[PDB]
Each structure stands twice: as structure tokens, then as C-alpha cells.
Enquirer: 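Can you keep this structure in mind? I'll have questions shortly.
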Amino acid sequence: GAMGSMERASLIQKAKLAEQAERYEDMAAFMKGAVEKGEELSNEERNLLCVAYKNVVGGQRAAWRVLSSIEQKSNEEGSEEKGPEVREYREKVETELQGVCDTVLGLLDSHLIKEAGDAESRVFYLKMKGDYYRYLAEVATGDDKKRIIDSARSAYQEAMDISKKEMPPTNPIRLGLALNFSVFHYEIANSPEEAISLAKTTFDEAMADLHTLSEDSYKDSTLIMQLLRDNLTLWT
Amino acid sequence: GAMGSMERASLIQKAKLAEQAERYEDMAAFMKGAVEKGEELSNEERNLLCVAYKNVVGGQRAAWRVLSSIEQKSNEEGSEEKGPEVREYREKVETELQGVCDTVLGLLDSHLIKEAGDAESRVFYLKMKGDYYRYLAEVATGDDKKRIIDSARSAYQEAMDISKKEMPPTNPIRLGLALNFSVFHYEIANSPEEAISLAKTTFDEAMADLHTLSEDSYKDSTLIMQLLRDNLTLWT
Amino acid sequence: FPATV
Amino acid sequence: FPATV
Ligand SMILES: *SCCCNC(=O)CSc1ccc(Cl)cc1
Ligand SMILES: *SCCCNC(=O)CSc1ccc(Cl)cc1
Ligand SMILES: [Mg+2]
Ligand SMILES: [Mg+2]
Ligand SMILES: [Mg+2]
Ligand SMILES: [Mg+2]
Ligand SMILES: [Mg+2]
Ligand SMILES: [Mg+2]
């Protein structure tokens, strides 16, 4: 790996610089290098890994959706034949996106998840596994699509089980996991009722626990609760 | 070149798709491939080339400025020593930026400029040459810095001479050239009075020619005139 | 699109 | 920064 000669601490330092410069591909490459040093990641380091890849894959997903919409329009009645270029370029972006997802899933499998014993790390990594299988599902059309969807589901479900046993209902990781698994139900698994029920129950159980929190923890939890409410408003 | 097997028309088509998807690195690679087919570029194709590289290098410049500011702060009195990482990463971004500028300048020299005979193409390409030498000057600190600045100046000056002989004072390329050469004077050549005089005279000569224009041409010219006014307001 | 984090 | 095009 091209980061093999750089110190772990230097990679983390540069990831933070790359974030300030909005250089998210660099940030992700630095964090990949840091993971590949083989040591477990701290809370802050897990967040840097997450932010870097979220921004890279989020840009790819946005571009894929633009291209897929153009491709869909090209296939409607009365549309002039424009050649293979739209499909080719959508496939190019799709393949790069799949490559990023495969890289993240590879880091999680070698060996972040198996060494993650505390709920805050294990839930975080299993949520990420669900998320990156969800991004693969968004673009999947082949024989393995059901298995990709089920891989996302399985990862989310393991994270949910741990989070409900080991974290308070206001924990931001627990909340963000529920938010994203609810989106999985709505957008991937054709299960809008499950999506709505999960978001509502998560929101209500968090509300009931806010009284236990400091002002700063309250801010953290209510920020994610508002996202749950935003989705419920969208869906009802 | 990796685009050598793709049809010219397909590269142009994909450049337009990449623009819609905000994939400016791809857009630039497609347009580089199109240039390397060896045919002259139409007005629209010159604009695609310009837009692609402007967005790529603009992102690099913004990142370089963030990193340079952090590096400057690290070198102030009382700042803790943080190691070589800020300088290294600023140098990494700087080298990539210089590579992009060198690529654009290489396309202009092999062989866009020498085949450009009409004022609209020749001025456009010489303006671009000035612009990319200006971006190299922004990051230059070595023995060749004066020569880099003079290369920018020389390209801008040749473009200016042609534009004044061959284009009306409202031509958008002529206006954009004057805007950018004025910025060169102010920010690169330590010549704010020349920058101000050029912007003012350009604006006034364009104003006097607006009466000759259609509504659509008027819109095009006044858009760039407003940028000249914005700079004058900043500088006075 | 719905919100995710 | 000043405007350029
Ligand atoms: S990529 C998400 C990690 C960065 N964290 C934040 O932006 C703070 S908010 C938050 C909290 C919990 C979760 Cl699972 C995501 C975001
Ligand atoms: S990279 C600039 C080419 C794209 N053109 C526009 O955005 C239209 S406005 C304009 C006009 C003239 C010049 Cl030199 C630059 C921009
Ligand atoms: Mg090592
Ligand atoms: Mg595919
Ligand atoms: Mg349940
Ligand atoms: Mg050919
Ligand atoms: Mg250097
Ligand atoms: Mg003069």
C-alpha cells in the first residue's frame, strides 16, 4: 500500500488536514492507510474514516443518480438513439462506486469488526457494513441482488441487536443506525411500514430518555432525532 | 493515452454528461482525449475544455490556499512544532496542481495554439495559457518564479493585442481576458494601478459599444462587465 | 432523498 | 479573491 511508509499518526494528521481542505479522496486514502497499520481505531479515528468515505461515496451516488436518470429518459418512447455512451459512462461511475464500497467492506472485514468488542465500536462498524451493502444494493440489478440486500439487512440487524442491549436509546450511534436501517427498509427492502414503525419507535424511546442527559449530550441526540422526524414527515 | 480508443464524438458526449454529473476530473480527461485526436476544437468544444480544467484546478487552488494558511500559522511565534506533515501535504496538493497546469499548457502547445487562426480561438487559447501560468505563479517560490510570471504576462499580452485589433470591445472573450489580465496585474505582478486602469478602461469601452448588440449579446457582455465592476469596487 | 448519517 | 472567468 502506498501509505505503508507513512507513520500512523502522520496519516491521521493528514486526514484531518484533508478534511479541512475538502479533499475527501485524500482523506479516505489516508484513513485506509491508518486502518491498514493493524491497530484498533479510537472514537475520533472511526469518525474520520466514516466522514471520508461517506463524502467520497456520496459524491459517486449523486453522480450515478444523474446518469441513471439520463439513461432512463433515453430509453423512453420517442427518444432519439444516442449510442452506448450514456450506459457506458453510468457503468464507469457505477464500477468506481462499487470499488469504493468493496474497499470499505474489505477494511471492515480485515480486520476492524472482528477486533471490535465495545458496543460503541462494534455497532459503528456493523452500521457501516450495512450502509456500504446498501449502496451496493442501490445499483444492483444482477443475480446476486437479493444476497446484497440480505447482507445489508444482516449487518444492520446485528448492530441493532447490540445497540438495544448495550446502549441507551439516546446514544447517537444507536440513533443513526436506526435512522439508516429505517431508510434501508423504505428505499431498499420495499418495507415502508417497517421503516415508519422503526423511525417512530426510535424517536419516542429517545424522547423519553432525554431527561438523563447533559446539555451537550442532549444537543447531540436531538440533532439525530430531528432527522428521524424529517423522514417521518416525508413518509406520512 | 487511455482515451485513444474512444471516438472523438463519444468523448465530447461524455464530457457533457460528466459536466451534468459534476464529475469535472472525468470531464477534463474526456476533453484531453478529444484534444489529442488532433482536430481543431469548435467554440462549444473549447468551452467544455475550459470549464473542465477550470473546475479541477479551482478545487486544487482552494485546497492549496487552506493548507498554505495552516502552514503559515504553524510558522508563527509560539506555535507548537507539529512535524513535517503540513508542509508535506501542501506540497502534495501543490505538485498535483502543477501537474494539471502543465497538462493544460501542454495541450495548448501541442498543438492547439499553433493551429488557431481565428481571433475567437486564438485569443481564447492565449488567455488560457496566461491563466495556467498565473496558477503556476500563485504557488511559485523558486529561481524560475520571475520567468513563470513573465510567461503569463507574455501570453496575456499577445491575447490582448489580438483582441483589441480583431474583436469588438463587448466581445465576451475580450472582456474575460481583460478581467483576468487585470487580476494578474493586481495579485501576481504587484501592479494594482495597472489592474485598476485596465478594468476601468475595459468597462468603459464596452459600455460605449453595448448599443450595437442584440438583447442576448447584451446579456452576455454585461455579465462580464459586472465582474469588472465588482473587482473595481473591491480595489478602490 | 431521505436523511441518513 | 477577485473575480476571474
Ligand atoms: S460519517 C459519521 C461520523 C461523523 N459524526 C458526525 O458527523 C457527528 S453526528 C453523527 C452521530 C452518529 C452517527 Cl452514526 C453519525 C453521525
Ligand atoms: S471556462 C470559461 C468557458 C465557459 N463559458 C462560460 O461560462 C460563459 S461566460 C464566459 C465568457 C467568456 C469567457 Cl473568456 C469566460 C466565461
Ligand atoms: Mg507500520
Ligand atoms: Mg454494472
Ligand atoms: Mg424490531
Ligand atoms: Mg483517432
Ligand atoms: Mg513545490
Ligand atoms: Mg495597455
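Excluded from the calculations below are hydrogen atoms, water molecules and symmetry mates; all remaining heavy atoms, backbone and side chain alike, are included. Order of the sequence lines fixes the chain letters, A, B, ..., with proteins taken first and strands second; residue numbering starts at 1 for each chain.
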Enquirer: Any cation-pi pair here, B:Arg229 with B:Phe203, using under 6.0 Å and within 45°?
Expert: yes

Enquirer: Examine distances only and state if a side-chain atom of B:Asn75 and a backbone atom of B:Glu71 form a donor-acceptor pair shorter than 3.5 Å.
Expert: yes

Enquirer: Do B:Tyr186 and B:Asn231 pass the side chain to side chain donor-acceptor pair (under 3.5 Å) test, and can you show the C-alpha distance, the side-chain angles, and the key distance before you say yes or no?
Expert: CA-CA 10 Å; B:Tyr186 195 95; B:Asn231 287 355; over 6 Å; no

Enquirer: Which atom pair, heavy atoms only, marks the closest approach of B:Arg46 to B:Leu41?
Expert: NH1-O, 2.9 Å

Enquirer: Taking 4.5 Å as the heavy-atom cut-off, does anything in residues 161-174 of chain B contact chain D, and if so which residues?
Expert: none

Enquirer: Residues two or more places apart in sequence or in another chain: which of them pass ring pair (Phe, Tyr, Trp, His ring centres under 6.0 Å) with B:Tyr132?
Expert: B:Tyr135

Enquirer: Quick one: does any side-chain atom of B:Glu94 pair with a main-chain N or O of B:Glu91 as donor and acceptor, under 3.5 Å?
Expert: no

